[PDB]
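Everything on this sheet refers to the single structure shown next.
Just so it is clear: chains get the letters A, B, ... in the order the sequence lines come, proteins before strands, and each one is counted from 1. First listed ligand is number 1; within each ligand, the first listed atom is number 1.
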Amino acid sequence: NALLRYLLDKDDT
Amino acid sequence: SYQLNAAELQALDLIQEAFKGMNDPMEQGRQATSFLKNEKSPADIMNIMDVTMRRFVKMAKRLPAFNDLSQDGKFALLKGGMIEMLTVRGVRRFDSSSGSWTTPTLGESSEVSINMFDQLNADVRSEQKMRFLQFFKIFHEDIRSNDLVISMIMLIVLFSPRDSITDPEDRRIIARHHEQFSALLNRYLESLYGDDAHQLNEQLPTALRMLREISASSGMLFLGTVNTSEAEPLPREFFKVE
Ligand SMILES: C[C@H](CCC[C@H](C)C(=O)O)[C@H]1CC[C@H]2[C@@H]3CC=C4C=C(O)CC[C@]4(C)[C@H]3CC[C@]12C
């Protein structure tokens with residue numbers, strides 16, 4: 001689930 | 001009085017804030033192209049759901065309730081709840097007349113037919129199709145079309161106890177919010193409908209059982225029908241294609 005984790009952990013700002 | 005108090009109204013405002021981008025336009029790219037194709041393949045369906053999935057991640061990250069969890073707790077909730085939330089978006093977006101899903105930024109000529117199931121993995125496609133239609137049918141039309149109700153159902157299922165979440169404070173937070181969102185949904189419906197709301201609350205556990213079952217049985221639906229070079233990676237983390 002690498003991409004889910006990446007999207008969770010990213011700064012969307 | 002069934003009128004909402006200030007704390008309840010504020011919780012609803014916050015929920016609407018967290019969900020406010022779900023209906024934003026799509027940019028040019030693989031997902032939009034897939035939605036705009038008249039002849040959709042299984043891969044196109046994965047590309048479409050990618051948009052919704054990405055936006056659920058962003059919604060969750062706005063919620064103080066979600067942000068009180070550990071990072072591992074957040075991850076477990078999203079992994080455990082993604083397809084359930086997606087199925088609820090599916091109920092909001094399904095048109096019984098046309099037998100198709102639409103999206104609020106494109107016109108009615110843009111749709112995903114229910115009969116797309118007929119192209120998926122024959123091991124599971126028939127009963128998933130029937131489960132989706134039966135789940136859709138348990139909702140009153142004015143309730144499944146109410147974005148606030150739909151958003152709250154999404155949060156009730158997102159904040160579900162998950163066996164892999166072991167931090168006691170995460171478990172406490174999740175349980176409390178499950179209860180709170182369920183109670184808030186009932187209060188909202190009481191504020192609109194009075195006593196008639198109570199039948200809807202009594203049906204919620206039946207709805208949730210149907211939702212958990214359909215979502216838990218979805219994982220192999222695309223197996224054998226999709227080339228990985230043509231499908232977004234995020235949905236491929238939830239649906240096994242090879
Ligand atoms: C909500 C979505 C349409 C709108 C998408 C758009 C980006 C939006 O969110 O506005 C539909 C299209 C395909 C549907 C799945 C197909 C098979 C499915 C297989 C099941 O077993 C359950 C339900 C799902 C996940 C469907 C949920 C709703 C989806 C994602």
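Distances from atom 27 (C) of ligand 1 to the heavy atoms of B:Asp24, B:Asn23, B:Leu86 put B:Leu86 nearest. In this comparison of B:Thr103, B:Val112, B:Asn47, the heavy atom closest to atom 6 (C) of ligand 1 sits on B:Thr103.
On a distance-only criterion, B:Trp101 and ligand 1 share no N/O pair closer than 3.5 Å.
Near B:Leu221, the atoms of ligand 1 lying under 4.0 angstrom from a non-hydrogen atom of the residue are 19 (C). Shown in contact with B:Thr52 at under 4.0 Å from a heavy atom are these atoms of ligand 1, numbered in order with element: 5 (C), 6 (C), 7 (C), 8 (C), 9 (O). Proximity to B:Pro104 (heavy-atom distance under 4.0 Å) selects the following atoms of ligand 1: 10 (O).
Less than 4.0 angstrom separates atom 2 (C) of ligand 1 from none of the non-hydrogen atoms of the protein.
A salt bridge links B:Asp147 to B:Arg92: at least one charged side-chain nitrogen sits closer than 4.0 Å to a carboxylate oxygen. Salt bridge B:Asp118/B:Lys129: present, at least one basic N to carboxylate O contact under 4.0 Å.
Residue contacts with ligand 1 include B:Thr87, since one or more of its heavy atoms lies under 4.0 Å from the ligand. Heavy atoms of B:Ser215 stay at 4.0 angstrom or farther from ligand 1.
Outside the 6.0 Å centre-distance limit, the rings of B:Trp101 and B:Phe136 are not counted as a close aromatic pair.
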